[PDB]
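**Student:** here are the coordinates; sequence isn't available:
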C-alpha cells in the first residue's frame, strides 16, 4: 500500500501568514496528488486535484506543487476560515490512501488555565459511582499535563481527558480530566487533588478538596 | 437550485457485532452512471479512510483489506443509488460513512462528499444519559456545569437556559467508557454574584433514546456564600 506521510502534525500560525504543508509518498504516484480541507463536524472539501490543479471556485491563495514523492500545499496568506485540518490523498492506485492530516491552528499569546475541581454530586453517589472532574479553562497553547492524587497517591489508568476545539472568540482550549471511581473506592479516601502543568504557569497548580468537608 | 450536486446517505445507525447494515446513497445534480463512486469513513477523532470504490457500469469493484469479504459495494444506475452492504460488523467499524463521487472517468479521487452517516457497532442498548450537576463554589467569576453520563449511542446535544446562555459555554467531546457507554461534561463560567440569583439549567437532549433532561445546577446546600 502507498504510504502518505504529512508534516507537520500541527502548524500554529496567525491570520495573514503563509502556510506550507507537506505530503511525502512511499513511492511514485504519477502526480495523482489531491488535497482536502476539513472542519469539525463537516465533510472534507476538495482543494487541489491530480496534476496539482486548483479546483475552480476554491480561493486563489491555495496552491499545490511538487512531483515524484514530494508534494506541497501552500496557503499564501491565511484567512480565519482557513484554520482547519488538511488531508492529502493519492488516487494513483488501489488501495486509495490518505495522509494522517495536518492541523492548521490559530496562533495566539500564551494563556494559563483557570483550574477548577468538582467533587461527585450526591445524586451521582446515590447511583453508586463517583466522577471527580478537573476543569482547565481557556488556556493556550494546547499542551497541558493533569495528574490525579488521592490521599497523595498518584493515580493511573482511571482517568480520561477531553479537549474542546479552539474557541471561536478567543482561540483558547479548555480541557476536562475526569477521575472515575466506584462509590466504595471513593469512600476509602479523604483527599482528592488534581495537579496541572502548563507553559503559562510559573509552577504546577494543584486544586483539591476533602470528602469530609463542604 | 437543481444544479446542486447532492449525495444523501441513509441506512446507518445501530448494530451489534456480527450484525449487518446496508447503507444507501441517493444522488442528484449529475448523470449518475457517468461517474465512479466510493465510500470513505472516519472513525471518531480519527482521519479519513477509504473503504470501497465502484466503476461507472457497476461490474468492477475495489475494497480496502480491512473490509474485503465483509462489505459489498453496488449501484443501481436506474435509481441514482449507491449501496454498501456491511456484514460481520466489528466495533472497529464504528465511523461516519461518507458517500463520494469520483471526479473523473479514470480517478476515484473524491470531488463531492455526502454529509456522512454514523454507524455504531456495539453490544450496548440505546440509553439516555444520567445528568449530574457540577456545582459552583476567581476574579468574581465561577464555573459550573453538568456531567452527561452513561448514554448510548452518540450524539447528545447540550444547551444552557434553553439556549439563552451561550457565552463562556464549553461542551467537551464524548469519551467512550469501558462500560460501552459514552460520557461528557458541559461547563460554563458566570459572574459569582449571580449564583443563587440567576437559575442555571442544562438542557440535555438524546435523540436515539427520545430523552430530554433539564438539570438545574445550583450551589451546594452547605454553601452559604
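**Tutor:** Now that the structure is in, tell me what you want to look at. Numbers count the residues shown, from 1 in each chain, chains lettered A, B, ... in the order given.
**Student:** show me the domain layout of chain B.
**Tutor:** Using curated CATH domains, the domain parsing of chain B gives B:1-123, B:124-219.
**Student:** how far does the longest one sit from its chain's centre?
**Tutor:** Remark: domain B:1-123 is offset 16 Å from the chain centroid, using Cα atoms, centre = their mean, to the nearest Å.
**Student:** quote the end-to-end distance of that domain.
**Tutor:** 43 Å (Cα to Cα, to the nearest Å).
**Student:** anything in it near chain A?
**Tutor:** Yes: applying Cβ under 8 Å from any Cβ of the partner chain, one finds domain B:1-123 touching chain A at B:38, B:47-50, B:53, B:62, B:64-65, B:98, B:103-104, B:107-111, B:113-116. Backbone N, C-alpha and C define where each C-beta goes, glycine included.
**Student:** domain-wise, how is chain A divided?
**Tutor:** A:1-108, A:109-214.
**Student:** format those as CSV; extra columns: mean neighbour count and distance to residue B:92.
**Tutor:** CSV is the format used below for the domains of chain A (neighbours: other Cβ atoms under 10 Å in any protein chain shown; distance: least, Cβ to Cβ, whole Å):
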stretch, mean neighbour count, distance to residue B:92
domain A:1-108, 17, 17
domain A:109-214, 17, 20
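**Student:** residue B:124: which of these is closest?
**Tutor:** domain A:109-214 (16.8 Å; Cβ to Cβ).
**Student:** does the closest one reach chain B?
**Tutor:** Yes: Domain A:109-214 lies within reach of chain B by Cβ under 8 Å from any Cβ, at A:114, A:116, A:118, A:120-121, A:123-124, A:127, A:129, A:131, A:133, A:135, A:137, A:160, A:162-164, A:167, A:174-176, A:178, A:180, A:214.
**Student:** check stretch A:92-102 too.
**Tutor:** Yes: Stretch A:92-102 lies within reach of chain B by Cβ under 8 Å from any Cβ, at A:94-101.
**Student:** isn't residue B:60 right up against residue B:53?
**Tutor:** No: in this structure residue B:60 lies outside contact range of residue B:53 using Cβ atoms under 8 Å: 9.0 Å.
**Student:** the more surrounded of the two?
**Tutor:** residue B:53 (25 against 10; other Cβ atoms under 10 Å in any protein chain shown).
**Student:** contacting residues for that one?
**Tutor:** By Cβ atoms under 8 Å, 6 or more residues apart in numbering or on different chains, the residues touching residue B:53 are A:94, A:96, B:36-39, B:61-62, B:73, B:102, B:108.
**Student:** how about it, secondary structure?
**Tutor:** strand (DSSP: H, G, I helix; E, B strand; the rest coil).
**Student:** for it, give the beta-bridge partners.
**Tutor:** Residue B:53 has these beta-bridge partners by DSSP bridges: residue B:38, residue B:62.
**Student:** then residue A:12?
**Tutor:** Per DSSP bridges, the residues bridged to residue A:12 are residue A:105.
**Student:** and it, how far is that from residue A:42?
**Tutor:** Shown here: residue A:12 relative to residue A:42, a distance of 22 Å by Cβ to Cβ, to the nearest Å.
**Student:** circling back to that earlier point, of the residues of domain B:1-123 next to chain A, buried ones?
**Tutor:** With neighbours counted by 16 or more other Cβ atoms under 10 Å in any protein chain shown, the residues of domain B:1-123 next to chain A contain buried members at B:38, B:48-50, B:53, B:62, B:64, B:98, B:103, B:107-111, B:113-114, B:116.
**Student:** ok, residues contacting the helix or strand hosting residue B:23?
**Tutor:** Using DSSP states H and E, residue B:23 sits in strand B:21-28. Strand B:21-28 has contacts (Cβ under 8 Å, 6+ apart) with B:4-13, B:15, B:37, B:39, B:79-86, B:89, B:97, B:99, B:101, B:114, B:117, B:119.
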